[PDB]
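Each chain, written out:
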Amino acid sequence: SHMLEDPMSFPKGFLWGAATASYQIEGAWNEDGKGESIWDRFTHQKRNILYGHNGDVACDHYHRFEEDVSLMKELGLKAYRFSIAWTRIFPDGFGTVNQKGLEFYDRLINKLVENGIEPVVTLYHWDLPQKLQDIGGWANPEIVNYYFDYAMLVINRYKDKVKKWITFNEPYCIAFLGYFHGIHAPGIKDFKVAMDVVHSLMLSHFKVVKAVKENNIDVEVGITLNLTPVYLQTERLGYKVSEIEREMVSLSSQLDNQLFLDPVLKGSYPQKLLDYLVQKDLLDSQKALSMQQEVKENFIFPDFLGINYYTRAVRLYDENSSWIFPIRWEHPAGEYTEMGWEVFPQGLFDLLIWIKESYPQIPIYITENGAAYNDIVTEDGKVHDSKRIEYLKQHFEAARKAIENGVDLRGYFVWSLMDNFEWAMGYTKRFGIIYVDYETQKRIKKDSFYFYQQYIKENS
Amino acid sequence: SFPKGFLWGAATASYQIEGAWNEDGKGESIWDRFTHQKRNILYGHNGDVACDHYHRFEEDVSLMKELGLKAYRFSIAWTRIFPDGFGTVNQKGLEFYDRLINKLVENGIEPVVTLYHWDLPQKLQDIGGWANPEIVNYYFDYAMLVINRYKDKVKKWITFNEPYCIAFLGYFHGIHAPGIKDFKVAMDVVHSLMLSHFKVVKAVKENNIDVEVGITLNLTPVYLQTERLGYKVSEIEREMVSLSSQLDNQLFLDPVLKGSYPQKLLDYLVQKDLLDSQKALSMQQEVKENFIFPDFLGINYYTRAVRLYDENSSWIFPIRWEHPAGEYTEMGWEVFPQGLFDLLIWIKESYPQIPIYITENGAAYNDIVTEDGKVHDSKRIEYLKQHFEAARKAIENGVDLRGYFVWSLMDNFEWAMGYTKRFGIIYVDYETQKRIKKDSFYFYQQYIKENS
Ligand SMILES: [Cl-]
């Protein structure tokens with residue numbers, strides 16, 4: 001008694017893309033006058049990266065970008081997300097502009113446009129100039145202005161061709177992995193410093209959004225957040241959830257998600273979380289107060305939200321925990337990647353519905369999604385990455401379902417176009433749809449490349 | 001094929017299933033104590049009732065017969081026999097195990113008894129537990145009483161289940177009873193367990209008692225991440241990861257089968273101030289003096305470990321664990337049947353010839369009872385099928401494997417995880433004590449029939 005409803009289509013113009021970051025692919029770490037970044041410094045020290053790997057060569061993309069753009073054209077990408085290395089432009093962070101750095105991004109952007117691929121630029125993907133770290137890095141309030149001057153130089157240079165700009169990639173990682181856990185550059189280990197960095201990143205973001213809007217620059221500006229939907233083990237077990245468990249697991253999830261979403265989309269930090277941190281002597285009251293006032297004063301709503309989604313977390317209340325919240329993580333049965341991350345496409349759907357229901361209307365791009373498997377090249381030069389294909393297929397379909405349920409999703413960027421340097425894990429994690437043989441720098445298209453090629457064709 | 005008479009079984013432990021924790025004069029155990037304190041067990045679960053097997057054992061044996069088990073591995077609760085650890089023997093406790101063993105025999109199921117599966121009398125912990133040298137004698141007297149009582153019907157005896165856990169989880173990590181946190185004490189416990197084991201083996205052999213005695217070890221085969229990635233392995237990584245694996249495996253296998261502890265491990269622990277030099281010396285001397293080879297080795301196998309060298313590690317060895325892609329259970333354990341084959345081959349290659357029993361293997365999945373009263377545990381079936389096939393392959397390659405006990409006959413109290421982990425081929429509804437056969441029960445029923 002119900003006439004067939006057609007499948008929900010991806011909308012016309014949907015940006016099917018792939019994503020990379022400068023330090024992870026470019027190599028050429030000291031070439032053409034490029035300054036030292038915090039990642040150059042970090043990987044050149046012992047005991048920071050698995051196997052002593054570094055990004056000195058990486059995928060050699062600074063040299064091989066033309067081949068890579070040819071592969072993007074073959075794939076049929078609508079868009080390519082990449083980051084600009086600040087140290088190629090301003091080797092010391094500020095001062096004299098390095099013309100050879102501008103010439104590289106000129107050539108890359110021109111090549112993308114020549115090939116009909118929309119460039120999407122991340123301004124900051126973790127590679128702060130070491131000379132700025134020498135004066136405190138993101139903890140130094142003057143950083144906001146140095147970042148702003150860099151960002152506006154490149155926006156003004158490339159705005160004719162680059163219409164979508166991402167201020168920051170994954171500020172959770174920049175702040176907490178870089179300045180609390182110290183497992184990312186610059187390797188600092190101080191929670192209060194990390195919260196200072198959170199705030200610098202938010203003010204930096206707003207300053208760029210404000211300049212773009214006030215000067216009526218015809219580009220869109222957003223920010224990319226890694227979001228982790230949180231589920232209760234107690235509910236998986238079918239038990240009754242206590243008030244204290246709900247509250248503590250909620251607060252723990254606010255550190256991951258709302259700490260960044262709320263300032264960006266609502267103009268305040270999540271007050272219950274700041275209160276908790278003050279009450280636990282993890283954040284000074286005076287700082288909690290000033291950071292809340294400064295976000296209120298400087299808030300401006302952005303043009304889009306970028307989401308990086310890989311997995312979920314399952315948590316429960318545990319007074320014995322050593323974490324900054326009394327929680328532990330549990331291990332639902334299922335399929336896991338080489339990162340030890342659960343394959344959970346339902347989490348992408350749930351997260352997108354939650355954004356739609358909990359925040360003001362805004363265009364959403366999935367700026368990263370992908371999986372690491374231990375790829376083997378066959379004798380006949382193939383990579384039969386069937387599990388990566390299954391992962392992508394299921395997440396693409398979760399995105400379609402989100403669109404069917406009214407989420408304003410406007411693009412989807414697979415992490416990554418090519419295997420690359422995975423930060424403190426070195427080259428040991430391969431996320432590409434293209435395999436890179438690091439001995440030869442040969443690009444080998446994986447089965448997932450051909451899968452995605454056909455998926456784009458069928459969904460555009 | 002599986003050899004004629006291969007012991008297809010299932011396994012339980014007393015604290016995990018029995019309940020009746022304070023009935024019929026039973027003494028308090030360290031697990032009664034541990035679960036009665038706050039913040040030791042998920043959700044504040046305890047073993048006070050568990051699966052109520054003390055009361056419902058007749059139903060359970062009927063299910064074992066329906067299943068077609070050749071053997072049933074269970075543990076005896078020391079506190080039901082000697083409530084105070086030594087002294088007065090409790091006749092009601094003996095009566096229970098009499099009834100259980102008689103019922104197993106009546107049904108044609110071979111009883112296989114674990115003498116100690118973690119439930120030390122609290123009165124013995126009160127005088128230092130496994131750290132008190134006199135524990136060897138208290139254990140010995142308990143063990144010989146029950147061996148002599150049941151040797152007409154029970155022909156396979158396991159001195160200890162998982163000494164790694166008894167010592168390190170109970171006395172170093174303190175996440176198992178009795179909740180102590182002292183590495184040097186844990187090493188004293190290791191040694192007490194080894195001497196206890198040898199004293200029972202010696203008495204059985206010296207008195208010519210016609211039963212077989214062994215011990216059950218949880219073994220974790222280790223794999224290098226470096227080799228998974230195809231990189232060259234450094235000598236230092238090989239050395240450090242090897243040491244880390246000796247704590248899991250050789251620390252227990254070497255005394256039991258070769259009459260020494262792994263010297264390289266003891267030397268490392270002494271260097272790191274985790275073992276006193278004089279203790280390392282006396283340990284080796286005493287194991288040499290008391291060593292006697294057992295009748296069989298029990299292995300508990302669930303998963304492997306993938307490790308790599310990392311000087312930044314907080315562990316007692318400079319290693320970290322990696323997470324290979326694949327299927328994982330509710331314990332966070334990789335499904336890795338190749339590990340069972342590799343482990344068995346390694347035992348054959350590395351140790352003197354000895355009969356092996358897999359005394360535990362199984363998996364935890366978040367089972368749902370459907371509205372039609374079934375449990376469609378397809379992943380548990382796939383887990384078991386693959387591990388059975390690994391065991392078959394081991395036999396085909398010359399390993400003297402003589403039986404295989406699925407952990408567990410029924411869902412039960414999983415120690416510090418409480419009832420949140422279900423390992424059974426039979427589901428237990430803890431509200432009603434209903435036993436519900438899972439799909440894995442019928443899979444196994446059919447597998448036994450086809451492989452016997
Ligand atoms: Cl303009």
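- Judging from the entry metadata, X-ray crystallography is the method by which this structure was determined, and 1.470 Å is the reported resolution.

### Examining the overall build of chain B
Right, so step 1: From N to C terminus, chain B includes 17 helices and 14 strands.
Right, so step 2: In terms of its C-alpha atoms, chain B occupies a principal-axis envelope of roughly 55 × 50 × 45 Å.
Right, so step 3: Expressed as a percentage of the 452 residues in chain B, the buried residues total 62%.
Right, so step 4: When the accessible surface of chain B is summed, it comes to about 17000 Å², and 47% of that surface belongs to carbon and sulfur atoms.
Right, so step 5: Here chain B contributes 50 positively and 62 negatively charged side chains, and the mean placements of these two sets differ by 3 Å.

### Considerations on the overall build of chain A
Right, so step 1: Along its length, chain A carries 17 helices and 14 strands.
Right, so step 2: Taking 23 Å as the expected radius of gyration for a compact globule of 460 residues, we find that chain A reaches 21 Å, a close match to that expectation.
Right, so step 3: Its C-alpha atoms give chain A principal-axis dimensions of roughly 65 × 55 × 45 Å.
Right, so step 4: Across the 460 residues that make up chain A, the buried fraction comes to 61%.
Right, so step 5: Partitioning the contacts of chain A with sequence separation of at least 6, the portion at a separation of at least 24 is 76%.
Right, so step 6: With an accessible surface of roughly 18000 Å², chain A has 47% of that area assigned to carbon and sulfur atoms.
Right, so step 7: Here chain A holds 50 positive side-chain charges and 64 negative ones, and the gap between their average locations is 2 Å.

### Brief notes about the interface of chain B and chain A
Right, so step 1: Contacts between the two partners involve 31 residues from chain B and, on the opposite side, 30 residues from chain A.
Right, so step 2: Taken together, the connections running from chain B to chain A amount to 5 salt bridges.
Right, so step 3: Between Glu330 of chain A and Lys421 of chain B there is a salt bridge, and its shortest N-O distance comes to 3.0 Å.
Right, so step 4: Our count for the chain B to chain A interface comes out at 16 residue pairs in polar contact.
Right, so step 5: Breaking the side of chain B that touches chain A down by element, the ones donating at least two residues are α10 (225–229), β9 (319–322) and β10 (326–328) of chain B.
Right, so step 6: Of the residues forming the side of chain B that touches chain A, the biggest block, 4 residues, is contributed by α10 of chain B.
Right, so step 7: Tallied by class, the residues present in the side of chain B that touches chain A amount to 12 nonpolar, 10 polar and 9 charged.
Right, so step 8: One ladder, built from 3 bridges, connects strand β10 (residues 334–336) of chain A with β10 of chain B; its direction is antiparallel. Looking at the pairing, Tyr336 of chain A lines up with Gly326 of chain B of β10 of chain B.

### Digging into helix α16 (residues 378–396) of chain B
Residue and element names in this part refer to chain B.
Right, so step 1: The end-to-end C-alpha distance of α16, which contains 19 residues, comes to 27 Å, matching closely the 27 Å that a straight helix rising 1.5 Å per residue would cover.
Right, so step 2: Taken together, the buried positions of α16 are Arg380, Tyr383, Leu384, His387, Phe388, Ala390, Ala391, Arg392, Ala394 and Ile395.
Right, so step 3: Summarising the contacts, the buried residues of α16 are in contact with β1 (7–11), α15 (338–350), β11 (356–361), β12 (401–407) and α17 (439–450).
Right, so step 4: Phi turns positive, to about 95 degrees, at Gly398, one or two residues after α16.

### Quick word on the sheet that holds strand β3 (residues 118–124) of chain A
Sheets are built from strands paired through backbone hydrogen bonds, the pairs being either parallel or antiparallel.
Residues and elements named next belong to chain A.
Right, so step 1: Spatially, 8 strands are ordered β1-β2-β3-β4-β5-β7-β11-β12 in a closed barrel, and the strand pairing comes out parallel. Sheet twist, expressed as the mean angle between neighbouring strand axes with direction ignored, is 25 degrees.
Right, so step 2: Relative to strand β4 (residues 164–169), β3 runs parallel, the two sharing 4 bridges. Bridge pairing in β4 places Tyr124 opposite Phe168.
Right, so step 3: Helix-sheet contacts for helix α8 (residues 171–179) involve β3, β4 and β5 (220–226), and the interaxial angle to β5 is about 50 degrees.

### With respect to the nonpolar core
Right, so step 1: Counting residues in hydrophobic clusters, the biggest one holds 167 residues, and the most contacted among them are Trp31, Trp78, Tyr116, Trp130, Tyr139, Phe168 and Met187 of chain B.
Right, so step 2: Residue contributions to this core peak at 13 residues, all from helix α9 (residues 183–206) of chain B.
Right, so step 3: Residues contacting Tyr139 of chain B, with those up to four places away along its chain left out, are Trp78, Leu115, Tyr116, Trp130, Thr159, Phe160, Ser196 and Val200 of chain B.
Right, so step 4: If you look at the next biggest cluster of nonpolar residues, it comprises 164 residues, including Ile109, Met291, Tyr365 and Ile433 of chain A.

### Quick notes on the packing of aromatic side chains
Centre distance and the angle of the planes are the two values used to describe a pair of aromatic rings.
All names here are of chain A.
Right, so step 1: Under the definition given, this model contains 109 aromatic pairs over all chains.
Right, so step 2: With 6.0 Å between their ring centres and 90 degrees between their planes, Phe206 and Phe299 make a pair best called edge-to-face. Of this pair, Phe206 sits in helix α9 (residues 191–214) while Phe299 sits in the loop between α14 (285–298) and β7 (304–308), placing them 93 residues apart in sequence.
Right, so step 3: Its relative accessible area of 1% is what places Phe206 among the buried residues.

### Examining the side chain of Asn451 of chain B
Residues and elements named next belong to chain B.
Right, so step 1: Mapped onto the elements of the fold, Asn451 is located in the segment after α17.
Right, so step 2: One polar contact links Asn451 to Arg392, side chain to side chain, over a distance of 2.9 Å.
Right, so step 3: Residues contacting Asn451, with those up to four places away along its chain left out, are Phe2, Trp8 and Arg392.

### Notes on helix α17 (residues 447–458) of chain A
All names here are of chain A.
Right, so step 1: With 12 residues, α17 extends 17 Å from end C-alpha to end C-alpha; this agrees with the ideal 16 Å at 1.5 Å per step.
Right, so step 2: For α17, the set of buried residues is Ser448, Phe449, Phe451, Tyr452, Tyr455 and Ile456. With its buried residues spanning 160 degrees around the axis, α17 presents them on a single face. Exposed residues on α17 whose side chains face more than 90 degrees from its buried face are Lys457 and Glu458.

### What about the sheet that holds strand β8 (residues 305–309) of chain B?
All names here are of chain B.
Right, so step 1: With mixed pairing, the 3 strands of this open sheet are ordered in space as β6-β8-β9. Single-partner strands in this sheet number two, and they are β6 (222–224) and β9. Each strand axis lies, on average, 45 degrees off the axis of its neighbour in the sheet, ignoring direction.
Right, so step 2: Where β6 meets β8, 3 bridges bridge the pair, whose relative direction is parallel. Among the inter-strand pairings, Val222 is bridged to a residue of β8, identified as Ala305.

### Describing the UniProt feature "active site" (unreviewed entry) in chain A
Residues and elements named next belong to chain A.
Right, so step 1: As recorded in UniProt, the sites labelled "active site" (unreviewed entry) are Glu170 and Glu368. A maximum C-alpha distance of 10.5 Å among these annotated residues, which run over 199 residues, shows that they cluster at one spot.
Right, so step 2: With respect to the helices, strands and loops of the structure, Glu170 is situated in the loop between β4 and α8.
Right, so step 3: With sequence-adjacent residues up to four places away left out, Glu170 is seen in contact with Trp126, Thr224, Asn226, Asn308, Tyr310 and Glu368.
Right, so step 4: Topologically, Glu368 is positioned in strand β11 (residues 364–369).
Right, so step 5: Overall, the relative accessible area of 5% leaves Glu368 in the buried class.
Right, so step 6: Reaching out from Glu368, the side chain makes a polar contact with the side chain of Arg81 at a distance of 2.9 Å.

### Here's the deal with the packing of α8 of chain A against α9 of chain A
All names here are of chain A.
Right, so step 1: The N-to-C vectors of α8 and α9 enclose an angle of 155 degrees; their axes lie 8 Å apart at closest approach. In terms of orientation, α8 and α9 fall into the roughly antiparallel class. In this structure, α8 crosses over α9, and the sense of that crossing is right-handed. Contacts from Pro171, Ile174, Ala175, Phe176 and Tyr179 of α8 reach α9 at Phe191, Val193, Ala194, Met195, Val197, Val198, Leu201 and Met202.
Right, so step 2: Among the residues forming the contact of α8 with α9, the class breakdown is 13 nonpolar, no polar and no charged.

### Overview of the pairing of strand β1 (residues 15–19) of chain A
Residues and elements named next belong to chain A.
Right, so step 1: The buried fraction of β1 amounts to 5 of the 5 residues, a majority that puts the element mostly inside the structure.
Right, so step 2: Neither face of β1 is exposed, since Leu15, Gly17 and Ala19 on one face and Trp16 and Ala18 on the opposite face are all buried.
Right, so step 3: Two elements, β1 and strand β12 (residues 409–415), share 5 bridges in a ladder whose sense is parallel. Looking at β12, one finds that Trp16 is bridged to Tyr412.
Right, so step 4: Pairing analysis gives 3 bridges linking β1 to strand β2 (residues 79–83), with the strands arranged parallel. Looking at the pairing, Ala18 lines up with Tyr80 of β2.

The rules behind these values
Residues numbered from 1 in each chain as written, not as in the entry; some residues may be left out. Chains lettered and ligands numbered in written order. Heavy atoms only, no water. Helix = DSSP H or I, 4+ residues; strand = E, 2+ residues; numbered from the N terminus. Buried < 20%, exposed > 50% of the residue type's maximum accessible area, 1.4 Å probe, protein only. Areas by Shrake-Rupley, 256 points an atom, 1.4 Å probe, with all protein chains shown as cover. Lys, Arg positive; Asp, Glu negative; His and termini not counted. Charge placed at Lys NZ, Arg CZ, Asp CG, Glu CD. Rg over C-alpha atoms; globule rule 2.2 N^0.38 Å. Contact = heavy atoms within 4.5 Å. Salt bridge = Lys/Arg side-chain N within 4 Å of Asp/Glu carboxyl O. Polar contact = N/O pair within 3.5 Å; in protein donor to acceptor, adjacent residues only side chain to side chain. Nonpolar A, V, L, I, M, F, W, Y, C, P; charged D, E, K, R; others polar. Pairing = 2+ DSSP bridges. Expected span 1.5 Å × (residues − 1). Axes fitted to C-alpha atoms, helices over the stretch in contact; angles between N-to-C directions. Core = buried A, V, L, I, M, F, W, Y, C linked by side-chain atoms within 4.5 Å. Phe/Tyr/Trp six-rings, centres within 6.5 Å; stacked < 30°, edge-to-face > 60°. Arc of directions from axis to C-beta. UniProt positions renumbered as here; feature names shortened; annotations may be inferred. Parallel < 35°, antiparallel > 145°, perpendicular 65-115°, else oblique. Left-handed = near helix turned anticlockwise from the far one by under 90°.

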